[PDB]
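Peer 1: One structure is given below, represented as structure tokens, and several questions about it will come after.
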Amino acid sequence: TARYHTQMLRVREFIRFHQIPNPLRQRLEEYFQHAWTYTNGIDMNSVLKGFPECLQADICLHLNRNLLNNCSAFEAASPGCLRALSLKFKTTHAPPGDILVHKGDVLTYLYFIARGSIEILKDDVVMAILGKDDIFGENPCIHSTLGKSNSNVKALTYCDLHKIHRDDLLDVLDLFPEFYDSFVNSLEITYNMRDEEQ
């Protein structure tokens, strides 16, 4: 079922949806020919993950530069600080029908919607969020305690999401504490998920 050409063209559609440098684009293609699995066909991120350390790095790096280079919260980050961020940011492709966060869950990640449409539900739909580059979660830099969700988060369509872990974010501000004012001031959480009725 999972023949070479099948996988060859999913790969083609990644670079597709994610406008990718040729210097890497060729390196990935050459790695996928000189290696590919009939079993681990990887509808999405399976053998996509199965690549050597080197190549997955530039991807994350390039995917992150997207958010980092255009979102206004990161206006003002020193290149040192940007490098730190672009290193600890993660990217996730969510399939329609999928719960990123549940009602109690600790607010562990902060999310930026690249593409697609998220629904946030409290038993029923309290809001619809999108790759306007909407942001949901809490800003860990302002609260002394760790928040808890207050709601559920489903992918309505397929979604691209940039997520950073609070401690990575906190660590970055520890190293570049001078970024704190502009970040606190420029970060526009679209849907605040901190349960403030708890």
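Residue names in the structure tokens use chain letters A, B, ... in the order shown, residue numbers from 1 in each chain, and ligand numbers from 1 in the order shown.
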Can you pull out the residues contacting residue 163 (chain A)? Cut-off 9 Å, using only C-alpha atoms, and skip same-chain residues under 5 positions away; I want them as a ChimeraX atom specification.
Peer 2: /A:89-92,109-113
Peer 1: Using only C-alpha atoms, which protein or nucleic acid residues come within 12 Å of residue 19 (chain A)? Drop anything in the same chain fewer than 6 positions from it, and give the result as a list in words.
Peer 2: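 Selected residues are residues 12, 13, 25, 59, 62, 63, 65 and 66 of chain A.
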Peer 1: Keeping only N, CA, C and O atoms, write those residues as an mmCIF file, in the first residue's frame.
Peer 2:
```
data_model
loop_
_atom_site.group_PDB
_atom_site.id
_atom_site.type_symbol
_atom_site.label_atom_id
_atom_site.label_comp_id
_atom_site.auth_asym_id
_atom_site.auth_seq_id
_atom_site.Cartn_x
_atom_site.Cartn_y
_atom_site.Cartn_z
ATOM 1 N N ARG A 12 6.711 15.836 -1.163
ATOM 2 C CA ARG A 12 6.615 16.937 -2.116
ATOM 3 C C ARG A 12 5.640 17.996 -1.619
ATOM 4 O O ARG A 12 5.847 19.184 -1.844
ATOM 5 N N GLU A 13 4.589 17.547 -0.932
ATOM 6 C CA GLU A 13 3.514 18.419 -0.457
ATOM 7 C C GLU A 13 3.854 19.092 0.863
ATOM 8 O O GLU A 13 3.191 20.047 1.267
ATOM 9 N N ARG A 25 15.890 21.512 0.988
ATOM 10 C CA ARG A 25 14.939 20.809 0.140
ATOM 11 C C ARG A 25 15.598 19.687 -0.667
ATOM 12 O O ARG A 25 15.019 18.613 -0.815
ATOM 13 N N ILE A 59 14.393 22.057 9.580
ATOM 14 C CA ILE A 59 12.962 22.139 9.380
ATOM 15 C C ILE A 59 12.328 22.920 10.514
ATOM 16 O O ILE A 59 11.805 24.014 10.305
ATOM 17 N N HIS A 62 13.305 26.333 10.204
ATOM 18 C CA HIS A 62 12.631 27.096 9.157
ATOM 19 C C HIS A 62 11.156 27.338 9.493
ATOM 20 O O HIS A 62 10.638 28.448 9.304
ATOM 21 N N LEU A 63 10.483 26.297 9.989
ATOM 22 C CA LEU A 63 9.097 26.422 10.435
ATOM 23 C C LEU A 63 8.962 27.496 11.520
ATOM 24 O O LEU A 63 8.060 28.328 11.459
ATOM 25 N N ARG A 65 11.083 30.048 12.117
ATOM 26 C CA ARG A 65 11.436 31.365 11.612
ATOM 27 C C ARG A 65 10.206 32.049 11.035
ATOM 28 O O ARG A 65 10.080 33.276 11.028
ATOM 29 N N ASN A 66 9.288 31.232 10.548
ATOM 30 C CA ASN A 66 8.034 31.747 10.054
ATOM 31 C C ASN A 66 7.362 32.565 11.146
ATOM 32 O O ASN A 66 7.169 33.773 11.003
#
```
Peer 1: Can you pull out every residue within 7 Å of region 129-136 of chain A, counting only C-alpha atoms, but drop anything in the same chain fewer than 4 positions away, and send it as a VMD selection string?
Peer 2: chain A and resid 110 to 119 189 to 193
Peer 1: Apply DSSP to the backbone of this structure and, from region 55-159 of chain A, keep only the residues in alpha helix (DSSP H); write these as an NGL selection string.
Peer 2: :A and (55-70 or 79-88)
Peer 1: Would you mind telling me which residue in A:7, A:186, A:70, A:22 lies nearest to residue 39 (chain A) when using only C-alpha atoms?
Peer 2: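 Nearest candidate to residue 39 (chain A) out of A:7, A:186, A:70, A:22: A:7.
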Peer 1: A:161, A:47, A:146, A:73: which is nearest residue 184 (chain A), counting only C-alpha atoms?
Peer 2: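 The shortest atom-to-atom distance to residue 184 (chain A) comes from A:73.
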